[PDB]
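Protein chains in written order, with the entry's author numbering: chain B, 343 to 367; chain C, 7 to 228, 266 to 298, 343 to 383, 395 to 423; chain Z, 967 to 1063; chain W, 1547 to 1642; chain X, 4 to 144; chain H, 18 to 672; chain F, 1933 to 2146.
This is how it looks when you write it as structure tokens:
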């Protein structure tokens, strides 16, 4: 549903910010 | 022993004339026949010593005391034959079965392997195997019931799968053309459909009617084989996939004041209303002039009841099943 | 959910567990079956209960150093695992560290 | 492939698992040798399956490996179609 | 069942078991009792059955010491308990009772509640701590 | 008797029973139908020609109580003018005119009288209770009424489904359609007559929310309605015996804590297997300043009527016996009640004074229950009734006029069971020598097959005794809760390791040979008296029935000939059993459990046999039943594997 | 045409119905179903008991009723309604079958072998799956199925064969080509991505099971 999609998107953003850490910002 | 077990068994129960009475309940003698879980049992041998006696059954000794031989020895058989006297035309030709080269434990675990199973033409108790077969699609369409022969004798006596049991139904058809009643309605003789089986939910609790209940959670996800690590040294599963960590993950393709707490029924029960009321139909007219026409052992008959069911149905006028023809 | 599997990562499915581990496994399965009462009990303990049980202590031997290992009562272990997960989650979202 | 796990929403609430897995050594006697990695978050960080094939290729093939053993004494024609039982019924009967 | 509340049978069997085995063998003592573990037997002796435990009503001097120390060391109850002279649960429950009793006398003084015969009384925190059927006590010892 | 509404419509029902072949009366239990309708037909003069009136009852204790009630009302002794017959108890005479019969016994007498020429009118009272035998009587009376229109049929309906009954009496047959050429009016063969009842107004109370645990809210409702409302005997309908036990313990513990000076509460249970003392305690009225709280199972509905009851709490659940044919096992499971069940609940609440109903469920839930009970022939063993219908001679069981159709595969399991016991041939016909001999007995068919195989192999009287005591419902051993090792000893006073059947045979041989029919000896031995002397009469009836089989009875028990070795004779007994009980075979698993031949269903030993606490390898059980949590198997007896391979070559085969 | 297919052997029985049957008749669907059931019963009577079927699977539910009229003398043959949307109709789209159907002047028995020579190499289950896939693709697109089944002029259909002869690997290539075509058409129709259709969903689409949306 929308709630599960929002939490899954939060997880995906967390994994991205764990992978992108150190190089863009 | 001996005298004590005998005379206290005679004292506790002279009334068991048939069979064998139970051994006495005493601190001296033991009750061998009673059940003693599996976490209370001691592993003993035939003799009755806590000791094992196999290479693969946990013993420090195998064979006849670490010897491949036996107490009786072994003696080969003589076998003489020629043109004048042959072995194959002998009256008592002793064939070579693979059971005289077996030991008593070989015979024991061989008959242990000989499991008992019910026959395919007759259903046994609790045979729960058709649910996975039926819910398979085309495999369940091709694979059919294993022709338990009660079903096929029912086919013999005139019954068909897909409909139930009862008198003939004089219903016309459903052609599938909607609900057209303009058909001639010449009403062939048909059979009643099967009533569905009742599958009652298991009630292990005192939960009330209509209560869905507190929902329960779920755990968060989750050349063939090896020698093994022993059943005591296994502890718990310290032999995983040696190559890669973790259980494999399932992968998605894409991303008056009433009582307190008691409510009042807004409308009454209909039959606690019609118990006062007169009903939905009047009594008959009963005109004057009608009058009553008549004015105001079983065991012994069962002893002489020699009427066979064939003549019984003949005099009672019931149609019978076709026999052997 | 998360807290429960953390406790259940401590114990393999098979094994020779003594009494307290099987009591803990019973408590974990009870929490899975009845989560609302478990959460309400956890919050009641977290508000109210301020005196706690004995905590066992032993040493684990790495042959060069030994470290103390503390064995805690299972029901307080469930309460602490929930509190641990909640605090780490809320510290992440509120940017504590 | 951790973006396609079956349960991702519950894993979104799982923070601080590295410090927690560091401090688990004061709670358990069994030392976890993979304290650093968490397979749900980090993923499958290696794969050593191919080793198996190569070590067979190192030892002279399945035919040589099995002819060190009593495979040919068992009456089995070919090695395909076989399996090893982890424990007999006697072992599981006497475990408790 | 390996739980429950302590009955008189269990307390007497525990004391006789301690008389025979001593205070350093709680597994033998717990073998005597069917529903209790070694840890529960040890907790029952340490929190209830120890003859140094004062089960009389409190004095005002002990109240002064208890409140003073609870102000000194916040929520360090196992530290306060040897100094005050009771157990940790005794000091905790007395401190909670004193705060709730002060709350009720303050609510009586400010006079929001009228006569003490109506059902509109403010529910206390002691009313929350009540065991329902199917619930458990954190400290049955 | 004159104030009953059945007396006001007496002339109307007399006219409808003399004119119409069948008439359906609609009325609830308590309006005087079953008490006055046989009296009305007797006073009308329907027994002047030596012809009888019969009342077909589903319940046995209800039949006995109505028999003694109508005998007291008529001023006649029981059995000489108004008599009854329940299973193996026939209080009847030649001078008896009014008959209160078990409908199953009228199946067994339909094995005797083909046209039912000894009876004028047959009536089925409380027909919506819907026993199996009532429906098969309905079918056979329809067939006989086509064959002989002279006799009359009355059906007592609780509610509107009499119209469905009415439906069953326009579709007569299909051979009459060939003769249906004239333009004559379709005569009213079936008619409906109105006799209402009289009940006080009863207040119904529901709940705003679905209840959590109906036991705790049942007892809390009991105590709240005791404290608030004035004097009135509280009755609650619970489900099963442990629930009433927990309820009476809880109300006793709470009444211990009740404040003094108020009305005390007397807890009382009501079961099926009650003794005389506490049943009379329930029957006797409440003492001074004492209110009775009676917790009852399904006895106060229609079986036994208790008076002076004001309050009634409905748990919303009733236990039903069902029979799964795929697994082929019984199940005593707690089903939600029917709308007719809660209807009779509310009707039986307000008997003597305007009472209250306390259905512990919401009104939308009350809308959500089914209107009537589940049909009983869809959840029962069709094997004995297919056996009975073949015994009547209707072999065409597929083309028969049932009221409701049974499921198409349950009866396949039934007739497969019939074949496994012999009886039926390969061509779906009853076998003349054996099949009739299993057919005409009123005993469970599998052990009937056990009995008929004894003469061809040997000992018969021992398993005859076992057949006497297995046709018996209430337990032999009285439940003394004050004795645990003592009842264990007095069971071990008689017990034998070779099965429960040998223990029962030993208690019978101890009672008969030396006991001198003495009841107090059973009183020290923790044994019942009435049911087991009833089993003695059952043994006499079985011996007589085998005497009309032409086989001489080898009554060697009176002879002192013990020269045969008893071990081989016990082996002979259990071997005869495993010839007859080969279908119910199980193997013991080292966690102490039992599994079937397929090794799928989990079976536990029932907590009444001695084999509950004994070691065994292969067992046979008299029955199997699924309770709410565990599946229990009853009358364990030891066997051997090669016996089962020998005596079931078509049913077992080695791996 | 009335189609009767044997999945075990691949034998196809075709019953051609002419316009002379429909001449002078009203409510054509009713006696059409009646004549279908009567012709099925006549073919069953013509077939020997050893070759008699034991299960009849009908794509239409209404066929349960008149066939029961026509199978009173044969209780042993079971009739079951198919919940699957089987593409057995799309056999009109074959050029040979349609050419012989439209040119028939009298009702007649027709025998065909739908499996051709697949039984010598693959099992009857695999041949049935391939035939169901081919019929479903024909229902999707006749011309694209003809192009896929004959991608080159070297592949020539035999005189006694309905499908062009191909090797097992070429048949496998045609298999996922038709699978991709059917999946793309299903995704275009139902607005569901191809990847989101898992293997169970792909098999349900191939079988034609009416997929219930969550």
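Idealized CB from N, CA, C, for every residue including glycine.
So, residue 344 of chain H versus residue 131 of chain C, is the Cβ gap smaller than 8 Å?
Their beta carbons are under 8 Å apart, which means residue 344 of chain H touches residue 131 of chain C by this criterion.
From residue 1007 of chain Z to residue 205 of chain C, what distance separates their C-alpha atoms?
37 Å
Starting from the N-terminal side, write out each stretch of the alpha helix (DSSP H) that is 4 residues or longer and does not extend beyond the region 87-137 of chain C.
110-119
Exposed or buried, residue 207 of chain H, counting other C-beta atoms within 10 Å across all chains shown (16 or more means buried)?
buried
Here's the rule I'm using: 16 or more other beta-carbon atoms within 10 Å means buried, otherwise exposed. How should residue 449 of chain H be labelled?
exposed
Using a Cβ cut-off of 8 Å, pull out every chain W residue sitting near residue 967 of chain Z, in sequence order please.
1556
For the alpha helix (DSSP H) that residue 98 of chain X lies in, which residues bound it at each end?
91-113
Please name the residue, chosen from Z/967, Z/1017, Z/981 and Z/1059, that lies closest to residue 995 of chain Z on a Cα-to-Cα basis.
Z/967
Identity of the residue in H/609, H/532 and H/407 nearest residue 153 of chain H by Cα:
H/407
My output table needs one value for residue 1599 of chain W: the three-state DSSP class, helix, strand or coil.
helix
On the DSSP bridge list, what partners appear for residue 1022 of chain Z?
Z/1037
Checking contacts by CB at 8 Å: is residue 1583 of chain W closer than that to chain B?
no
Helix, strand or coil: how does DSSP classify residue 60 of chain X here?
DSSP places residue 60 of chain X outside both helix and strand once states are collapsed to three, so it counts as coil.
Chain Z contact for residue 277 of chain C (CB, 8 Å cutoff)
yes
Residue 1551 of chain W by DSSP, collapsed to three states: which one?
strand
Beta-carbon proximity check, residue 412 of chain H vs residue 418 of chain C, cutoff 8 Å:
yes
Neighbour list for residue 1034 of chain Z in chain W, Cβ cutoff strictly below 7 Å:
Identification of chain W residues near residue 1034 of chain Z by a Cβ-Cβ cut-off of 7 Å yields 1572, ordered along the chain.
Paired residues, beta bridge with residue 69 of chain H - DSSP:
The partner list for residue 69 of chain H (beta bridge, DSSP) reads H/136.
Mark residue 1036 of chain Z as exposed unless 16 or more other C-beta atoms lie within 10 angstroms of its C-beta, in which case mark it buried.
Per the 10 Å Cβ criterion, exposed.
Taking Cβ-Cβ distances shorter than 8 Å, what residues in chain X pair up with residue 1017 of chain Z?
80, 81, 91, 92, 95 and 142
Does residue 502 of chain H come out as helix, strand or coil in the three-state DSSP assignment?
helix
8 Å Cβ cutoff, residue 227 of chain C in contact with chain W
yes
Does any C-beta atom of chain C lie closer than 8 Å to the C-beta of residue 228 of chain H?
yes
C-beta contact flag for residue 356 of chain C and residue 221 of chain H at 8 Å:
yes
How would you call residue 1575 of chain W, buried or exposed, if buried means at least 16 neighbouring beta carbons within 10 angstroms?
With fewer than 16 other Cβ atoms within 10 Å, it is exposed.
Against chain H, does residue 212 of chain C count as a neighbour if the rule is that its beta carbon must be under 8 Å from one of theirs?
yes
Within the continuous beta strand (DSSP E) that includes residue 619 of chain H, where are the two ends?
619-622
Would you please verify whether the beta carbon of residue 287 of chain C is less than 8 Å from any beta carbon of chain H?
Chain H contact via Cβ: absent.
For residue 80 of chain C, report the span of its alpha helix (DSSP H) as first-last.
Careful: residue 80 of chain C lies outside any alpha helix (DSSP H) and carries neither H nor E.
Can you tell me which residues form a DSSP beta bridge with residue 169 of chain C?
C/199
Please classify residue 376 of chain C as buried or exposed, where buried requires at least 16 neighbouring CB atoms within 10 angstroms.
Classification of residue 376 of chain C: exposed, given that the 10 Å Cβ count is below 16.
Mapping DSSP to helix, strand and coil, what is residue 344 of chain H?
It is coil, neither helix nor strand.
Of all the CB atoms in chain W, is at least one closer than 8 Å to the CB of residue 361 of chain B?
no
8 Å Cβ shell around residue 161 of chain H - same chain, five flanking residues per side excluded:
132, 133 and 168
For residue 87 of chain H, which of H/75, H/156, H/101 and H/275 has the nearest alpha-carbon?
Of all alpha-carbon atoms in H/75, H/156, H/101 and H/275, the one lying nearest the alpha-carbon of residue 87 of chain H is that of H/101.
Which residues, taken in chain order from the region 163-194 of chain H, show a beta carbon closer than 9 Å to some beta carbon of chain C?
163, 164, 175, 176, 177, 188, 190, 191 and 194
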